[PDB]
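So the structure is just underneath, and the comments pick up after that.
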Amino acid sequence: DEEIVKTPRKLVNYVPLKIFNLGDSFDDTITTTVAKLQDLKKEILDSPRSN
Amino acid sequence: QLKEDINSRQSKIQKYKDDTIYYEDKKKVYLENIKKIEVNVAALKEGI
């Protein structure tokens, strides 16, 4: 193990952090714009096309 | 004997005052720890 004993630690030493928990990779904002465009194009499909 | 006993009791009073001083110092350290925990909780809540 490390050194001879357990490493010293602060009496609180919380440090929550954990902003991201796995996942990451694909961004959410780009696909959010994608989903907005999806509902927009569905609304367009509701509007008449051709004829 | 009463004079000796009351002098001993007065020294006991002063050592109680010293003990209360150390207890207040421990309480101040605990309050500093509480403030650090509070700012950490505030940062975590901000992320939340």
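Ordered as shown in the structure tokens, chains take letters A, B, and onward, while each chain numbers its residues from 1 and ligands are numbered from 1 in the order shown.
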Would you give me, as CSV, each residue of chain B having an atom within 8 Å of an atom of chain A, along with its shortest atom pair and that distance in Å to one decimal, using only C-alpha atoms and sorting by chain and residue number?
residue,atom,partner,partner_atom,distance
B:33,CA,A:12,CA,7.0
B:37,CA,A:14,CA,7.5
B:40,CA,A:15,CA,6.9
B:44,CA,A:16,CA,6.6
B:47,CA,A:19,CA,6.9
When DSSP works through the backbone of this structure, what residues of chain A end up as helix (DSSP H, G or I), shown as a ChimeraX atom specification? /A:28-46
Convert the current residue selection to file output with C-alpha atoms, as a PDB file, in the first residue's frame.
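See selection_28.pdb below for the written result:
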ATOM      1  CA  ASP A  28     -27.023  17.144 -25.199  1.00  0.00           C
ATOM      2  CA  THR A  29     -27.402  20.636 -26.697  1.00  0.00           C
ATOM      3  CA  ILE A  30     -26.805  19.550 -30.306  1.00  0.00           C
ATOM      4  CA  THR A  31     -29.383  16.777 -30.050  1.00  0.00           C
ATOM      5  CA  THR A  32     -31.641  19.267 -28.236  1.00  0.00           C
ATOM      6  CA  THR A  33     -31.562  21.452 -31.333  1.00  0.00           C
ATOM      7  CA  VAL A  34     -32.151  18.233 -33.296  1.00  0.00           C
ATOM      8  CA  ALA A  35     -35.282  17.429 -31.264  1.00  0.00           C
ATOM      9  CA  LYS A  36     -36.528  21.010 -31.609  1.00  0.00           C
ATOM     10  CA  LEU A  37     -36.087  20.714 -35.373  1.00  0.00           C
ATOM     11  CA  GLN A  38     -37.903  17.366 -35.188  1.00  0.00           C
ATOM     12  CA  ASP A  39     -41.000  18.853 -33.580  1.00  0.00           C
ATOM     13  CA  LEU A  40     -40.776  21.839 -35.947  1.00  0.00           C
ATOM     14  CA  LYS A  41     -40.692  19.563 -39.004  1.00  0.00           C
ATOM     15  CA  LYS A  42     -43.591  17.556 -37.578  1.00  0.00           C
ATOM     16  CA  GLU A  43     -45.554  20.807 -37.260  1.00  0.00           C
ATOM     17  CA  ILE A  44     -44.610  21.559 -40.872  1.00  0.00           C
ATOM     18  CA  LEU A  45     -45.858  18.085 -41.848  1.00  0.00           C
ATOM     19  CA  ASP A  46     -49.157  19.093 -40.248  1.00  0.00           C
TER      20      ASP A  46
END
